[PDB]
């Protein structure tokens, strides 16, 4: 079991940590959602799917910078929505193919009020999302840590 991002960065068998830089809506009014769709950025596969089933969870989803201070909302994982920042481990998704498949995680965030200008700075840490992978085979329990950075400024206007 291993992962990679849309920019080609791999996290190998056994886990590790990678930086993901996300493009964001440049202007988000009060009353609008900012969506951070990591399902278009992070992909994984099962290396031996004929004999092993891999189980994958969002173990923890943490908010930083302007996302922690200027926004509020939820995380959708697979077919269900949860508080973000997270207060629990999600249920398991099955990976059962060697073709990379999306990690089905998206943040749906809304402005808590206008910041007066820049609500998320370009290059700032906005989230840390921990993917936990186990299986039905041995006692592997690996963490793939995704540090999410804003690629551009997000303004919540007055």
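Rigid core: the largest C-alpha set superposing within 1.5 Å between the two forms. Numbering follows the first chain given and starts at 1.
J.: Say the other structures are aligned on the rigid core; which stretch then has the higher CA RMS in 8 other deposited structures of this protein, 22 to 30 or 116 to 124?
T.: Per-stretch check in 8 other deposited structures of this protein: the more divergent one is 116 to 124.
J.: Compare the mean C-alpha B-factor of 115 to 123 with that of 40 to 48 as given in the PDB entry, and name the stretch with the higher value.
T.: Of 40 to 48 and 115 to 123, the stretch with the higher C-alpha B-factor average is 115 to 123.
J.: Which has the higher mean CA temperature factor in the PDB entry, 124 to 132 or 88 to 96?
T.: Stretch with the greater average CA B-factor: 88 to 96.
J.: Is the Cα B-factor recorded for residue 19 in the lowest, middle or highest third of its chain?
T.: Middle third by C-alpha B-factor.
J.: Pull the Cα B-factor of residue 68 out of the PDB entry and bin it into the chain's lowest, middle or highest third.
T.: Residue 68: CA B-factor falls in the middle third of its chain.
J.: Relative to the other modelled residues of the same chain, rank the CA B-factor of residue 2 and answer lowest, middle or highest third.
T.: Its C-alpha B-factor, which the entry lists for residue 2, ranks in the lowest third among residues of this chain.
J.: Ranking every modelled residue in this chain by its Cα temperature factor as given in the entry, which third contains residue 11?
T.: Within its chain, residue 11 is a middle-third residue by C-alpha B-factor, going by the deposited values.
J.: By its CA B factor, does residue 25 count among the lowest, middle or highest third of the modelled residues in the chain?
T.: For residue 25, whose C-alpha B-factor we compare with every modelled residue in the chain, the answer is the highest third.
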